[PDB]
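K.L.:
here is the sequence, then the experimental structure:
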Amino acid sequence: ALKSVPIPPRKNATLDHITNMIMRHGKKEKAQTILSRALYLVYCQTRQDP
Amino acid sequence: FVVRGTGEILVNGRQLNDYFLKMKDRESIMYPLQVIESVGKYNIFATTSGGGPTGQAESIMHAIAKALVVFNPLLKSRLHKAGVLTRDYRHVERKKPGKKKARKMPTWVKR
Amino acid sequence: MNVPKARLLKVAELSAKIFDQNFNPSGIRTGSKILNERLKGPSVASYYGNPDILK
Amino acid sequence: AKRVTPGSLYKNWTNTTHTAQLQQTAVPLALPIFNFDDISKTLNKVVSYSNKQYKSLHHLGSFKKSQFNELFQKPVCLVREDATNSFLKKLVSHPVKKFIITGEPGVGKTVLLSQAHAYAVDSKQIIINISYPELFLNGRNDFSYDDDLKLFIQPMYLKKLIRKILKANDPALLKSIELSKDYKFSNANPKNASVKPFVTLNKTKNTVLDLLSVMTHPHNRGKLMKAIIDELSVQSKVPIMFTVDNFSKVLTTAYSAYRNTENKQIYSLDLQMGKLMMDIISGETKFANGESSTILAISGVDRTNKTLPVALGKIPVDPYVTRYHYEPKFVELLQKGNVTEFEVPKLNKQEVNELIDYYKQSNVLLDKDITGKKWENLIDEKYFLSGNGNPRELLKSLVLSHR
Amino acid sequence: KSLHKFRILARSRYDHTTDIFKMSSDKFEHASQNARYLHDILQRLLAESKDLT
Amino acid sequence: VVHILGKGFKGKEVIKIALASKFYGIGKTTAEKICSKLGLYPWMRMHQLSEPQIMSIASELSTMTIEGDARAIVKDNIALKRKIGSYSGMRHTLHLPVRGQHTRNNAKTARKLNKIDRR
Amino acid sequence: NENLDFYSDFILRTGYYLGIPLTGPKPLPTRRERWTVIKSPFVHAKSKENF
Amino acid sequence: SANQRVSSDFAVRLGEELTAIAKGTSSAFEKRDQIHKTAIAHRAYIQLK
RNA sequence: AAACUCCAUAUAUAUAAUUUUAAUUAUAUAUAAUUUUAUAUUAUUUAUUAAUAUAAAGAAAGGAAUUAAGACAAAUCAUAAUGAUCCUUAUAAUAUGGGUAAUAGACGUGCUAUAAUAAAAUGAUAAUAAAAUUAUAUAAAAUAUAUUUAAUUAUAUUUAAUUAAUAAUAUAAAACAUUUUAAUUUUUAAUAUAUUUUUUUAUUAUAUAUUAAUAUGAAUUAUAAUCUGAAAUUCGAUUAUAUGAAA
Ligand SMILES: Nc1nc2c(ncn2[C@@H]2O[C@H](COP(=O)(O)OP(=O)(O)OP(=O)(O)O)[C@@H](O)[C@H]2O)c(=O)[nH]1
Ligand SMILES: [Mg+2]
Ligand SMILES: [Mg+2]
Ligand SMILES: [Mg+2]
Ligand SMILES: [Mg+2]
Ligand SMILES: [Mg+2]
Ligand SMILES: [Mg+2]
Ligand SMILES: [Mg+2]
Ligand SMILES: [Mg+2]
Ligand SMILES: [Mg+2]
Ligand SMILES: [Mg+2]
Ligand SMILES: [Mg+2]
Ligand SMILES: [Mg+2]
Ligand SMILES: [Mg+2]
Ligand SMILES: [Mg+2]
Ligand SMILES: [Mg+2]
Ligand SMILES: [Mg+2]
Ligand SMILES: [Mg+2]
Ligand SMILES: [Mg+2]
Ligand SMILES: [Mg+2]
Ligand SMILES: [Mg+2]
Ligand SMILES: [Mg+2]
């Protein structure tokens, strides 16, 4: 059963890159929160997947 | 300690959410149980010690991958290709004697 | 800290007498640390070795 | 310059989401209406509050920020047998009716309080709710000393509280309660007060509605609050449900941020608000109605000490603990009131399933979870990622975990 | 009662977790003197603890 | 705008912080004591003062060392040092550091601020 | 470590023949002291050596 | 572009810009067109190399 | 040169009565990789082969030391030692004070800031480390003090245990949650308003200025105490009440 299923992705690539661009001084949770907060906003205003 | 059951986890006797605030640490811990689609079939009892949260979480994930092999030995490759069965040798490198924090040097003046 | 201070200090000086220990309830400067400090003279004096080494 | 146009978001994230009307774009999903008398049909199933319940709860402050409500057109709840049904059965059957809601941060203590409020509204009850006790402990409201009451009075906080009590409870019950004794308050009406210096209320002719609707001067607002509590305590017609959320804040800061004329902190029990709260908890007020209850809830945002666990009998009494971490007076005041503990349990697998399902129906999930992931795997993984059933963490993983 | 008095007079020298009394001495310049000093202090504490008058 | 002893205050700033800032001689603690003595809640603003309250603040704040009095005390202390003939007085006269700092480098702010008529 | 281990082994043998139960050499953690010093005699502080 | 907004939290301002872009309303597109027009203005110098 | 070497890594054996506990460890010996195998797409001296990718077998990926011959008459006679030359009542030896800390200018290194992808408070079943130190000692807990109930911070009172896988230095801090934060009228409060209640809406007040130093920033200085020392003026370190430059 596990053959046909691909390996689940390591981690999203574009989101990792964007976080790393925001991230600075080694503070990644702050960057992820900022990005996740913004994406939560854009969904609430557009009701489309961010 | 991995024993079959439902998706229950405990770190040092505490809940996963209490111990690991970051959701990425929980995701890393759960990845082995996700490479193989058996997230809701095993009970984890993690007893990490040493280092900071990410080192603990990633050591838990590595230990889980090692423990899952005993349950189905012909699932080793899937985990190996997933990279969870390799030990991350990366670690802090010693502060070099004549310079600042290792691999950094004080400002060099031409004249 | 419900227990009255009188009881606590009664235990304090009783133990002090039992264990041969100073009791200074008021906190005045008794200068005890001056006397109790160890003498380091023997060690400092032999910094340069035995002067009676054969020549 | 103007800078901020009339339509624009300028506050931080939490206040922006809390107050921006982001629920306007939410799809109007149809759900069964909350009703304890029909618990058999709404059990283990998401529900929406009744319109009158929504009005009363909004006026009581049962819905707070950081609850993700803005995701949906209106706040919704899940009827959890272990948390909602069990608690309400205990509340109805137990004779003392004095509880404190406890649980891990984010488990849903507030929600359970709001469900209790919904029960009270639909059971023809009067609700007095202290949503954020910090407002009368943080030193951002006026205060004065009333020698007649021997307590410090906070007129702004009172005015808001009576306003909330008036606008939350149905006028029918407040009218149905007649005053047991006369009152004579100063008059502060913008126009009438020029002619009439004082306002009088008489027995069996005016109700508590008129008492709530009167307007006096700040130094007498404490008299009005004491009268209101006494009137509702003596009357034995309607039950009174006194609720306080974030009670751990009260239990931890025994001393407020107010300083008297000698630059000394004003003990909490020297305030009127703290005193009446503790009198109700300890049973000194002694409401006459049998069904009158007192439900308290703690919040994780507030520090923790040895006060509450000792009060709840969870740990013994160590008398050498500093007052900053153990307040014996509050412990004996809580124990004297026979306040019992209710622990909100974490979600199980099936509860998570229902919640996530409803989230799917509301179009609040990512396509990675929906478009591609198996439902079973999704539920299990989220159950794992949410610390085995923490509702806040579950919501965070679904809509606030873009990674 | 004597045990409670003994425990509260030992102060930091007694740990309730394991119930072990603990005491060391090196003021005197020989082991024999320190052992006698410790024994005498233990006798003194026991005598006072048993005196509940 | 609230005027206390000739000091201009905006209507938005807290009493304790504003008092501690504008007046020479009263700091955070003194302002807190002043506000507490007159029964103004900790985070009260300058808008909400009434005329009696402003008068009380001005009256009670005028029974302690005023800006001018405190400046006089400082200047008198410097003058004492200089008239005695002490080393410190000499540094004050020459616009040089007085607390044993190095002059080979820096010592700019001392030259700019140290003097016999220090504010 | 070589002399330590050899002597330990000897201690165990002597104890056994003397009737003394002995558990055996337990490896307590080693202690690493560290000093640093400039290699040059006069002035090359950039060059340092660890002992 | 998101740093030209009045809020004090960049999560809010990032969200506002992203929402605006999602509806095709922002000045960043002009920069993209300018770069492409410049690339066209430099058609013939590309070489296989 | 590379390799042997050391730190680190994976595994095996041994030791430890799992109260020196942690066995998730410590340290002795050994094995392991300067990875192997297969396939294909390449250019080629034609697989009697290289790089490109794939596959599968693996835990397997780093750092440190070692910097040759000669050249720079590079540095060192102030680590120490010797040759030559020079002083020998002085260029040798001791003590009390001062200087090495002076300040026009200039200069190389750094520390701290100039605010909202950032500063401050709080967080007691005390979130989570590693490596080092304690017979010329480390110094807990409790106390009085400033200081209010307490906590935090700094002294004083007294030395608990430990000369160490045992006790102390020592509850790591960022992280994360809550509250606050001037410029900012984007704020407060006075009334009403209400299905945004820790909150929205309407009216009035929230003035006087503009490229600006704030509730940024802590330089300079006044005073009172404290620590070490026999001694704190030239010339030491902390705390408190004021000061609050430049940026
Ligand atoms: N639908 C639904 N959401 C719930 C329920 N219980 C909790 N939640 C959600 O879980 C989160 C936390 O709920 P709260 O009631 O604030 O939890 P709490 O434990 O009282 O929170 P703290 O006081 O901060 O510890 C919010 O997102 C709630 O909406 C429930 O029964 N139904
Ligand atoms: Mg580092
Ligand atoms: Mg809550
Ligand atoms: Mg001032
Ligand atoms: Mg063990
Ligand atoms: Mg080599
Ligand atoms: Mg060479
Ligand atoms: Mg050459
Ligand atoms: Mg030369
Ligand atoms: Mg020379
Ligand atoms: Mg020489
Ligand atoms: Mg001489
Ligand atoms: Mg020098
Ligand atoms: Mg240098
Ligand atoms: Mg800042
Ligand atoms: Mg260690
Ligand atoms: Mg070690
Ligand atoms: Mg201490
Ligand atoms: Mg901590
Ligand atoms: Mg300027
Ligand atoms: Mg400041
Ligand atoms: Mg200061």
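P.N.:
Sure thing, it's come through. Numbering: from 1, shown residues only, chains lettered A, B, ... in the order given. Ligands and ions are numbered 1, 2, ... in the order given.
K.L.:
all strands for the stretch 151-300 of chain D, in order.
P.N.:
All strands of the stretch 151-300 of chain D, identified by DSSP state E, counting those that start in this stretch, fall at D:151-153, D:183-186, D:198-201, D:240-244, D:255-259, D:265-267, D:293-297.
K.L.:
quick one: strands adjacent to the fourth one?
P.N.:
Paired strands of strand D:240-244, with direction, are strand D:126-130 (parallel), strand D:293-297 (parallel) (DSSP bridges).
K.L.:
spell out which parts of chain E neighbour RNA strand I.
P.N.:
E:12, E:13, E:18, E:22, E:23, E:24, E:26 (CB under 7 Å from any atom of the strand). All C-beta atoms are positioned from the backbone trio N, CA, C, and that covers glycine.
K.L.:
quick one: which of the residues you listed is most hemmed in?
P.N.:
Greatest neighbour count in these, by other CB atoms under 10 Å in any protein chain shown, goes to residue E:13: 15 neighbours.
K.L.:
test my guess that that residue contacts residue E:21.
P.N.:
Yes: using CB atoms under 8 Å as the test, residue E:13 is close enough to residue E:21 to be in contact (6.3 Å).
K.L.:
related to what we said a few turns ago, would you list the residues of chain E next to RNA strand I in JSON lines and tack on secondary structure and distance to residue D:176?
P.N.:
Converted to JSON lines, those look like this (DSSP: H, G, I helix; E, B strand; the rest coil; distance: CB to CB, whole Å):
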{"residue": "E:12", "secondary structure": "helix", "distance to residue D:176": "66"}
{"residue": "E:13", "secondary structure": "helix", "distance to residue D:176": "69"}
{"residue": "E:18", "secondary structure": "coil", "distance to residue D:176": "66"}
{"residue": "E:22", "secondary structure": "coil", "distance to residue D:176": "71"}
{"residue": "E:23", "secondary structure": "coil", "distance to residue D:176": "75"}
{"residue": "E:24", "secondary structure": "coil", "distance to residue D:176": "78"}
{"residue": "E:26", "secondary structure": "coil", "distance to residue D:176": "83"}
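K.L.:
want to try CSV for those, with distance to residue D:103 as columns?
P.N.:
Formatted as CSV, the residues of chain E next to RNA strand I follow (distance: CB to CB, whole Å):
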residue, distance to residue D:103
E:12, 39
E:13, 42
E:18, 35
E:22, 42
E:23, 47
E:24, 48
E:26, 54
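K.L.:
identify the single longest helix in chain A, thanks.
P.N.:
Across chain A, the longest stretch assigned as helix under DSSP state H is helix A:28-46.
K.L.:
before we move on, the earlier item: do you know which of the strands of the stretch 151-300 of chain D lies nearest residue D:123?
P.N.:
strand D:240-244 (9.1 Å; CB to CB).
K.L.:
chain center to that closest one: distance?
P.N.:
Centroid separation for strand D:240-244 versus its chain: 8 Å, with CA atoms, centre = their mean, to the nearest Å.
K.L.:
how about that strand and RNA strand I, touching?
P.N.:
No: figure legend: strand D:240-244 not in contact with RNA strand I (CB under 7 Å from any atom of the strand); closest approach 11.3 Å.
K.L.:
what lies in contact with that strand?
P.N.:
Residues outside strand D:240-244 that contact it (CB atoms under 8 Å, 6 or more residues apart in numbering or on different chains) are D:60, D:113, D:116-117, D:120, D:125-130, D:133, D:232-233, D:250, D:277, D:280, D:287, D:289, D:292-297.
K.L.:
ok, 7 Å please
P.N.:
D:113, D:116-117, D:120, D:125-130, D:133, D:232, D:277, D:280, D:287, D:289, D:292-296 (CB atoms under 7 Å, 6 or more residues apart in numbering or on different chains).
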